Structure formats: structure tokens, C-alpha cells
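Before any questions on how it binds or moves, here is one chain, the form deposited in one PDB entry, in C-alpha cells.
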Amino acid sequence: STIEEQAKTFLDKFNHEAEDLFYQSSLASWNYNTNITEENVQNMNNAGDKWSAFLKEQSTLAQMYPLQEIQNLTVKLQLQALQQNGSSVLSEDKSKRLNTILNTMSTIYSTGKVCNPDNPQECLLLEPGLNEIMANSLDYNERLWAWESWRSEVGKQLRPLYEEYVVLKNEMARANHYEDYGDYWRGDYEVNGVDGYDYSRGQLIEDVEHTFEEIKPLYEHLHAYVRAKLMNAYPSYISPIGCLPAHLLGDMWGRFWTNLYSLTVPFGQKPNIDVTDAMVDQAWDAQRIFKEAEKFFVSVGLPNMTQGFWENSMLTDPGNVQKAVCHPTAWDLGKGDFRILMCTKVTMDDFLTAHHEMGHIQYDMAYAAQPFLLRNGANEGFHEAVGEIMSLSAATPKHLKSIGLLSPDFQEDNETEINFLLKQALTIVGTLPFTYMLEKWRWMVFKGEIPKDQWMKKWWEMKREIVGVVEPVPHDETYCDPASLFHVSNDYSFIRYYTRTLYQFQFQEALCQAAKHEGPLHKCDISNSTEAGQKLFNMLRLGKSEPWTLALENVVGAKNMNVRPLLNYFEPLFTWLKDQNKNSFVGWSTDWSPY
């Protein structure tokens, strides 16, 4: 027996045990997220302990086979991935404490409630109640109340937990030989051992910081434009030179400016609206939303959703019978079990998010053909971008006209295209400075750069500086405002949403060449192009078997992320925004704040 044949037989026996334990751990985690109870916590803990003790022994056994004599590469890849920096050996006592911190922060975010000061019985959760106020209200006082109440009652609850969260997440990362937990998350993009296609953890910080500096001009102009239209909506609350108040931004944290569209449409009255109203008028259902998203993926040659997907997903708020984590997520449990968890409302926001989450699932199904150890996205940015290149096509008025949400005779003049490009900018461009700053603060907090006594002095120093957004109420260090976001309190890396935003326009550009689209990128709709889906699928099927640099270079022609296609997409709006800010100021100073 050669060492290779023994490694193959080891990987075979490994895959059959690993898939069964991963499924139990996955299903236990699903039960907790759809239904938050103390019993479902300890089931998740026990299934997670069994799963890590399995990797503890397997990653040790895999050392018995030297890579330098495995001629079959795909065997080499599974072996490398099994011994690679995933030990997560913590002491039993410190492993149990980090879980309690994680589970508590997870429970507080989804079950945290602000209650009436005069009536403790009537309360608002974040998901059904406060999100509706932060997405649809127009009262300055009401938005301010919801913004502060959530950060004062739930935010302060998460502050001590998050401090011990970083001291344990950093201790885990160092035992796996990373500089900090931030370097650990960055290792997702790491590639080495492949000449010319390598990529370091440090190279992401340079590439994010330099690509973002090329983004600064486009965002600064949209910022000034939104500022003026917001000056009309609110009488004396905003000056032409200061930052934008954080509680007027379209959602709880200002992560997207999409709900600001109703106040900022360039040509709002005369061009027909491009938004939710017709869904409600046509009595659309949460099922119709996903059936339409499923219809889109099928139209490019991708499969339908499984029968189990419809039986096992939670696609609406379950109600008060169980406490669920309502934030939209996509789940690959293995064994052909695919589910989406989402508390879907009937909005154009939810319509496009359905395409996003189904993009995850389609990626999961495509690379299900890989060996177990290679079933993942090329990187986190790839995974969070697949649904977005479909959202780009589904959001275009050409597609909305063909699926019945716009008039059967739609006038696509010069003006309606600027409406489209602005709303596209409110979402895609608006989330870029929000994303970069939040993750940079985490990296700077994970690294020894931001001390305990000034965790919020720097978070808002970076909001005003980088994002152009200011705190309406002064927050001392009892507050933990970043942890009031789902991804921060639920232990999710956030730079995934920055790299994917460059990746999508790169992919969309290549896919619109595959579909032979003729004009600028923003008129492109790949709906019925089975050839375009073929190019996409040939990469999705790869998983982590190739480095993301090569998978990216074999579809777009660039071994790295790039800002060119994103800026070509928004060029008509870029030169249009210039014309609108003629007697306005583009930029801001940090020296202004309400209180």
C-alpha cells in the first residue's frame, strides 16, 4: 500500500463520518435559530462539541500522510484542508464560556425587546416592530426614539459580553497561529503554493483600502445629493456641510440607503415607481416571491429548488409560538438538505433578498458534487455575490416589466433610467463605506489598537470620518453600537459584503458578454440565457477546489478584485450627480453634531 492509497481510504472513511456529524451539528443549529429555547441551546452545544472533538482527532491523524508524495491533487487538497488552522483547541472551561457568550449575544439580538416606559406588557422586537419604524417612518422624534432605545437597552446588554468575546476569540486565533481573530477571518482569502495566483492575508487590507479610495469620489457625490433631498424632508435638522444623522438612513444602522428612495427620486412623479406597491396590489405572497426567484435561476439552466426545500424552510415569521432568528440566511446541512430562514415581508427589498439567499443555495447545490472537505465558496465574497448578480438583472425595469410588476407598456426614457441607477446606488454604493468602516473597526479592535475605555469614541470618530454619519445622541462606553447589528453580535465576518460588491459587477460584466448584451451594463438582463448560466455554473461547481484568484481569472480575466466594472455601471449616474451638486458642497467635516 502506498501512502496515497492509504490517504484516499482515510479520506473515504473520514467523509462518511464527517457528513453525519456535520448534519447533526447543522440540524441542531437550525433548531436553535428557528426556535430559541434553553433546551435547543444545549442540544446545539452538545452537537457542536461532538463535531469539534471529531475534527480534533481527525486533523491529528491526517498528519500521518506527507503531502510531498500525493500525486493526485484533489487528494492533496482534502488533506491540506483537514490539517489547516482549524484546531480550535480551547480548554473545556474556556470553550464552554465562549459558547455561553455566543449563545447569549445570539439570543439577545433576536429576542431583545424595548418596552413602553409606562406599560411593560406592550413591547417592540427589532424584527417586526422597530424595523418597520426605521424603514417607513418620517417623524424625526419617532426615528430617534427607536434608534436610541435599541442601542440603550439591548446595546448596553451586549457590551460586557462582547469584551470577553474578543479576549476569547483572540485567544483561539493565537493558538491557531494567527495574529488575532481579525487575521483569522482574513485567512479566508489566503492562497499560497500556487505561483502567480497566491494571495496573502495582509494583501486584502491593502486591496480593500486602495479599492475603497477609488470609490470615495462616487460615494461623496451621492452623499451630497441625498443630503439636499433630506434637507427638504427635515426642516432644520441637517446643515449643508455636516454629517448625516444616523437615525434617518433607511434602516436601523444605515447599512443600506434603499428606503430613502421615496425622498430622493430624481424624477419621482412622472416616471412610474419601480418599487413594492404593485406586489401588494397584485396580492403577492411570500411563496410567489421565492417561486419567482426560483423561476429566474431555472431560466439560465440552473435546477429547481428541491422538494425538501419547500417542506423544510422557514420563509415567513413563525409568530409568537417560537422565537426565531429572522435575519435572512441560507443553510446547507448536507445530505441534500437545503433551507432558507427568512421572515419575508411583501417588499421589493424582500423580493431581491430572496434572489440573494437562493443564490447561496444554488451555489451550495452546485458544489455538492465536490468531496466533503472542498464544499465551500471560493471565498466568502464569492458566496455572498452569486445572488447579487441575479439581483442586478432582476432589479432592472426590463425584467420587472416581463414579470408583471410594471405596466405592460413601459416607457423606458432617459429619465426612468436615472431613477433606476439612483436606487441601485442607494443600496450598492451606500453600503460600501458602512461595510469598510465597520470591519476596519473590528480589525482595529481585534488587533490591539482600540482600548476598552474608548471603544465608542473611536467607532463614531470613524463613522463621521469615513462614512459621513454622526451620532444624534452622545454615547459613552457603556454602549456597544456595532453589536446592535446582526452580523456583529452573531459572529459573522462583514468584509464579505465589500469584496462581493466588486465581485458582482466583475461577474455581471462577463456574464452580459456571454448573453451578448449590447448597451451599458445597467440595461442587461441575463434571464433566458442558458449560455450565461453555463459560465456561472462551471465556477460554482468548483467549490474550494481551485483558488479564488484562478476561478476569478477564468471567468472575468482578472486574478484580483477590481473597481472598473462597478464604476462603468454607475457612470451615467456619476456624471449626472456632478450636474446636480453644482451649487452644493461635496464632502463633510467632522466638527458638526446635533448633540
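If you superpose the two forms and keep the largest set of C-alpha atoms that fall within 1.5 Å, you have the rigid core. Each residue number is its position in the shown sequence, starting from 1.
Engineer: 41 to 49 versus 57 to 65: which one carries the higher mean Cα B factor per the record?
Structural biologist: According to the PDB entry, the answer is 57 to 65.
Engineer: Mind pulling up the entry and telling me whether 475 to 483 or 306 to 314 has the higher mean Cα temperature factor?
Structural biologist: It is 475 to 483 that shows the higher mean C-alpha B-factor.
Engineer: With respect to the C-alpha temperature factors reported in the PDB entry, which of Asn320, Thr74, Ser110, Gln504 ranks highest?
Structural biologist: Top of the list by C-alpha B-factor: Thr74.
Engineer: Of the choices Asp525, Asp349, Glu206, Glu384, which one's C-alpha carries the largest B-factor in the record?
Structural biologist: By C-alpha B-factor in the record, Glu206 ranks first.
Engineer: Check where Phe446 lands among this chain's C-alpha B-factors and tell me if it's the lowest, middle or highest third.
Structural biologist: Its C-alpha B-factor, which the entry lists for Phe446, ranks in the middle third among residues of this chain.
Engineer: Please say which third, lowest, middle or highest, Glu148 falls into when its CA temperature factor is compared across its chain.
Structural biologist: Middle third - that is where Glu148 ends up once the chain's C-alpha B-factors are sorted.
Engineer: Using only modelled residues of the chain, where does the Cα B factor of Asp364 rank: lowest third, middle third or highest third?
Structural biologist: Lowest third.
Engineer: Which third, lowest, middle or highest, does the CA B-factor of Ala558 fall in along this chain?
Structural biologist: Within its chain, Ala558 is a highest-third residue by C-alpha B-factor, going by the deposited values.
Engineer: Which third, lowest, middle or highest, does the CA B-factor of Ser88 fall in along this chain?
Structural biologist: Within its chain, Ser88 is a highest-third residue by C-alpha B-factor, going by the deposited values.
Note that the form deposited with a partner chain bound isn't included here; everything after this is about it.
Engineer: How about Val555: is it within 4.5 Å of the partner chain in the entry with it bound, going by heavy atoms?
Structural biologist: Outside the cut-off, so no.
Engineer: Might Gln84 be said to contact the partner chain in the entry with it bound, defining contact as any heavy atom within 4.5 Å?
Structural biologist: Yes.
Engineer: Taking heavy atoms and a 4.5 Å cut-off, does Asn376 contact the partner chain in the entry with it bound?
Structural biologist: Yes, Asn376 lies within 4.5 Å of the partner chain in the entry with it bound.
Engineer: Hey, in the entry with it bound, does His327 get a heavy atom within 4.5 angstroms of the partner chain?
Structural biologist: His327: contacts the partner chain in the entry with it bound.
Engineer: Heavy atom within 4.5 Å of the partner chain in the entry with it bound: which of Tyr492, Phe267, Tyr219, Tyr237?
Structural biologist: Spelling it out, the residue with a heavy atom inside the cut-off is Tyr492.
Engineer: Of the residues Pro482, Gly430, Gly334, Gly381, which one places a heavy atom within 4.5 Å of the partner chain in the entry with it bound?
Structural biologist: For this set of options, the contacting one is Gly334.
Engineer: Partner absent here, but in the entry with it bound, which of 418 to 426, 176 to 184, 466 to 474, 151 to 159 has residues with a heavy atom within 4.5 Å of the partner chain?
Structural biologist: Every other range fails; the passing one is 176 to 184.
Engineer: Considering only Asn554, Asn568, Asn560, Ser59, single out the residue whose C-alpha is displaced by at least 2 Å between the shown form and the other one after superposing the rigid core.
Structural biologist: Residue with a C-alpha shift of 2 Å or more: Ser59.
Engineer: Align both forms on the core first, then report whether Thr353 has a C-alpha shift of 2 Å or more between the shown form and the other one.
Structural biologist: Superposed on the core, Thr353 moves its C-alpha 2 Å or more between the shown form and the other one.
Engineer: Could you check, with the core superposed, whether the Cα atom of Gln6 shifts 2 Å or more between the shown form and the other one?
Structural biologist: Comparing the forms between the shown form and the other one, which are aligned on their rigid core, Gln6 does shift its C-alpha by 2 Å or more.
Engineer: Align on the rigid core first; then say whether the Cα of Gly301 has moved by at least 2 Å between the shown form and the other one.
Structural biologist: For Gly301, whose C-alpha is compared between the shown form and the other one after core superposition, the shift is 2 Å or more.
Engineer: Taking the cut-off of 3 Å or more as given, in which direction does the distance between the C-alpha atoms of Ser88 and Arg201 change in the entry with it bound, closer or farther?
Structural biologist: More distant in the entry with it bound, by 3 Å or more.
Engineer: Having a change of 3 Å or more in the C-alpha distance between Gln71 and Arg201, I'd like to know whether it is closer or farther in the entry with it bound than in the form here.
Structural biologist: Compared with the shown chain, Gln71-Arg201 is closer in the entry with it bound.
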